RNA sequence: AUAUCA
Ligand SMILES: [Mg+2]
Ligand SMILES: [Zn+2]
Ligand SMILES: [Zn+2]
Ligand SMILES: [Zn+2]
Ligand SMILES: [Zn+2]
């Protein structure tokens, strides 16, 4: 239910984008569902005002052992007009 | 009008509104040493008649509520012995129009 | 009874009608809405009087929408029945429970019990009638009723009434 | 004289900073504080405690304590203030809305 | 959107009393003696005896037929057919109420001619009696001053028995011979 | 606070400044009934100078061979000398100018000449001069009556208040007072002919333009003069940096009608 | 109560606000396919149409000018001077 | 973005009555309620589909109006009610002046 | 949209403030509200016939709203009631209640002073509803006896009898939510020395108030129709519908209720408790103990910031957001949702200057123009143009985003399968992009000026900044050190006219603030203007021709 | 939701959150316009505001799975508070209070997990196992410190 | 709630 209008194609079956893929606005970096009953969409989309290429993606468990994943996204910002100096 | 030097006992002050339609006024001699009306900042106040008032309100489509108000105890309201309901016409000089007429109703 | 009442109705005219046959359409829509109408406050609004002088006034244009709204001030003939009113009418229906009497725009019903004791129901007749020692009350008969009470019911007013008291009944 | 002094004082504060504000503006403020018959302050106490509309007074500083009192005094807001019509989301009775606009079928049928 | 009146009264929060409507001459707020026409003038209640009413409606529909044809440029059983024809011309047709009203009025009117309804209206409006009674006196045919005072109970002490009985005689004399 | 206290104040269709209660704040907007945008600092000539310097500038005496208008000034110059009937009109003119001088000296006690008033009369004259290619040599086709009465008439057309009644009519006179002193100073006979060198058409045009401009200059009913005034004091307060408490903290004292003020002081003359 | 035409005392000139509102209103109506009381000399913008209608005083609108007491003076756009 | 208090003021200063109404209504908040003509409350059970109206307690199935107010005011009014205060809304006047 | 109702559309002309009569609170109510339970028909997924929708408002994208139906985006939400066990003070009046007791007899319900006292008849005369109550009080507070006979309106020898009752009046003082009296007494002429110390019950105060004459209470602030003093003490509690206190159902083990729903449940629980106590063997002091708990919960619900009293706290240590506190501050419902609110058709970005823009225009970034929309009505005049922008679509610059049919339903050109073959009809609306020369409101906050918000001509340009003419810098009080500015788009032909005809930049040049121009030549242009206009400064033919051509209205005359 | 115009059984619809609309992906008809941010809306219930300054923070999150639906605030000290009224209103909550106290056996499980170095997910299962079996007739009279163990 | 922006 309530899927994001963004695209989910860049996700491998583990629900993550592999590092190296170029992304863009509204696209889905991390796929997540919160089963309740079949299940609602709890996915993470890239900020709509940004874009770039995925730098690195790491999978871990925490102090109590909850699977959690960190995704780095790299862009190169080239001095534009309203840019402060 | 009763011009007193220092004071009028509250015993005597209770006889002030005792004889109507006639009216009594108390003025402390010390206030009157200087005529406030003569001051730079004190403009011409003119008391309006019942007909003059009626006309003012008619001409501006007013209720007495809507008029700017002079306070009954006002130094000038005292000097002119204005009664509640009575209206003054203030004629002030203007840096804008030269002459400006404002009105004030008594409290 | 039967009054002439001064009344006013707000009409909201769409811009497409802001042509010369505007007053004509307003006066028309007024008649569609008001004529025939039955209210509790005013009773049956039967006929709008003085068509040629219906006051349209200036219509205020409703801001976000295009349409103009006018308060059409008019005058009409109304029929508002009351309790205690003695009325003449024609019988319409008749049953083991009583009989309905048509009084202009409205029906007034008389209970078997709100009639004298002598008048009794006769099912064995075409059409079913009420029979007294002297009188016979049926579908065409004319009756004088005393309105006992009214019920403001939607697009009508109905009432209960007696013919038990003096100077009432068949005519 | 209270009015004349009050203006003199206001004027000085502006002109001391080497600024110019046209008379009328300062005059109006000075007059508003005046009209009541005394020195009505530009505070929750002064102006906000006058006979204006309850929603108007409530939009500045005392809000709830003004609406409770509005209730127990059974106030009636005539909705002439700009504040009221803004709260109500209606066209305020200011400039553009200070008059009404009507179509005249007379003049309408005249032009065709 | 429904119809409003000239009665402007401001019922602020205070809902009720809606005191009963009886012929103790206590009709509605709406059917009060002191009315106000669209010209603001305080004008008395207009009550019609079904004949005075018959004529009014007929007159109005007759005058309407005039304007309807103008804007288009660029014996009782006999009155029933004549009226049922005028209704087909001016009325909405869906308005069945006016059709029954006009039929009832035609069948129950005590006075046929306008002239007749004139005198009725004079004779009666000189008694000082309230428009309701003045109408019921015109529309209910009574013989005994008791028949009248029983049916129109509001009259009770308002008129002499003899004075009312004198009126009832000159009312019977006006009845148009159907 | 300034905004919230003034919000509901505006000019009504009666030129009266009222609040949401219809209570009159000002009888006429800013005592002159004019829109502030339409105002400019102008010099009231009459006000200053020596009593002798005034005389030279304003006095016309057709009954004195030295103080008449030279026939070089206007065509009627030769036939105008000794006209007792006409002199009655120049006497009124001068007598009003003297009246005005005393009056203005009463208003502006210091003798300050430069005041913000509607209609830049200086500019209208300048324009008349280029518009009509005014020949500072040849004599004018104006009459003394043309000037004197022309001005008298224009004055009656400077409308701020319209009502037909003594209260409203006296009110109109009042609002227009100051502007007229300026108008009479800038359009006195001697001035118009000797200085401006205006022709009849040039003058006729100057008059119409003062009228038009003046009328455009009045406040528009609907003007939300309340908020305007608040913001017109508010904005400048935002740019704020015997030794008496002044600036922002003083404005604070003023608006609060502060009982225990910081620098109380008397100025004893 | 409504002031008679012979007793009207408000400006004979149209206020900035009046003119802005007439132009706004006509333009709105013109835009809602209302009948246009002027030759559109190729015009397509409803405000430029409104301006044109007001320019020839062919706008069938009336300004109800309310006075602080509640009374009013009605003024036709045809009769109001447009010095703005 | 926030069209705040100070912005309301500028619009009031300009005399942009309709521009302001739009910002506050059409461009944001704007909502429609049905109110009763007797007790100027948002009580009306508008079954606008079957065209049924009712303000039970008033027994008024007739004297009903519709209004366009900012939902925050519909809220404010419901809030003032919950707090025992009655903000009765009337579509006609009774005071004059 | 929001569906059609046959009801007459009218405007609000008057607002009639008052208090709720418990009779009315009961009469409005559509539900009883009996249980402190939210929903959960014991571990379920439906609302409980008890608190939120016992019969009440509707939420959760589901119509069910008691016949009314409609659901969320139409239903205003209707009130429930709660029947209180004993009367409690409404925290806001507590003082007006106190003052009313101070004015009237705490036994017969009659004004302590009347027409017989001169100072009274004088204060009674006061026209102002509040000022008269104020004056009446300062007079009546002092009076500690209900008089039976008072000296006649002539002689002090033959005393005329007014209303009866001789009873001594208590000296009332508040003990936070409680009102306690101290009766003067008599005992051997002296006493007090040690008076009668008792707390005045809600019920007793209520009863005196019920007995206050209509004429009497009308002399006090009160109105017989809209605000009788008996209506200040709460007996029935209007329960606000979910819209006023929204709930959220997260993930079956997470659910969020509004602070009011909490505070209500406490009121209820405290109520249900005290009801059981009175019903059972009333232990007097264990009841008044439970009453002043109820008093607290009801009081703390309308106001949690009460002086003297402890705050009601919510598990996490944070104090409960009372109703008062939602209305109160800037960011309140008044200052922050009504008197100012965020809006749609708004846009904001970094401003930068431009010597090539005209004074009255504003450089609008393509992206901003492609987002902001104007709803244009399909008309013979624009039909073809509009059809083209529709064809152009949401991505091309001069394009459009939506088509609004007569029917009311919105066509999204971004997704509609018919976004190509879309055939327009007169009267429809095309929500098209903002285009060159549209009037727009430009603003730099703070906004302490009418000139801080001015109408500009659009000029769609590249790059992410709002470009402005340099001379227009001063009114806004802007610079390009990192300033951002606000843009508002009018949606009506009327609104546009307002902007173009009243607040457009050229109109604003000469300001009434100081009756002089509020925009002038600045920086480069000011610096260059001196340099250009020296006697020394002479220009050769070549440059003169470029300088001439540069003037857009140049006559062509060298 | 299903598009009234099209009606295909798998109803392909998108939530264009950014424009706040719910669209039918096929015909493009907008099916809803009022659309709310659930993240920020949930921020009003579970925030970081413990002080009490946030006007957005207006509710609190609860756990209907573990403690049912027991909404209840606590009388505590505020800024302007007398230490007297806190005691009275708290001594008054004592008379209104058995099984609403056996929830302190959750405090026995929480203090046992933290003494056994157990994660936050284990406590909430031990608290749900204990709530659904402590009042059972199948356990009847087992050692009450050995049924939570 | 802190930090920050003009
Ligand atoms: Mg900067
Ligand atoms: Zn109601
Ligand atoms: Zn509902
Ligand atoms: Zn007593
Ligand atoms: Zn579809």
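Numbers here mean position along the shown chain, with the first residue as 1.
According to its header, the structure was obtained by electron microscopy, 7.8 Å.
Placement of Cβ uses the backbone N, Cα and C atoms for every residue, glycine included.
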Exercise for the section: Could you tell me which of the ranges J:44-72, J:102-130 is annotated in Swiss-Prot as region 'Disordered'? Expected result: J:44-72
Practice task
Tell me whether residue J:27 (Zn(2+) binding site) sits in a helix, a strand or coil according to DSSP.
Solution key: coil
Practice task
Compile a sequence-ordered list of residues in the same chain as residue J:6 (Zn(2+) binding site), six or more apart from it, whose Cβ lies below 8 A from its Cβ; state 'none' when nothing qualifies.
Solution key: J:24, J:26, J:27, J:29
Problem - Outside the compositional bias 'Basic and acidic residues' (J:44-57), six or more residues from its ends: residues with CB under 8 Å to it - result: none
Exercise for the section: Would you identify the secondary structure of residue J:3 (Zn(2+) binding site) according to DSSP, in three states? Expected result: coil
Fill in the blank from the handout: Counting Cβ atoms within 10 Å of each Cβ, the densest environment among the binding-site residues J:3, J:24 belongs to J:24
Practice task
Please list, for the region 'Disordered' (J:44-72), how many residues fall into helix, strand and coil according to DSSP.
Solution key: 0 helix, 4 strand, 25 coil
Fill in the blank from the handout: Around the Cβ of residue J:27 (Zn(2+) binding site), other Cβ atoms found within 10 Å total 18
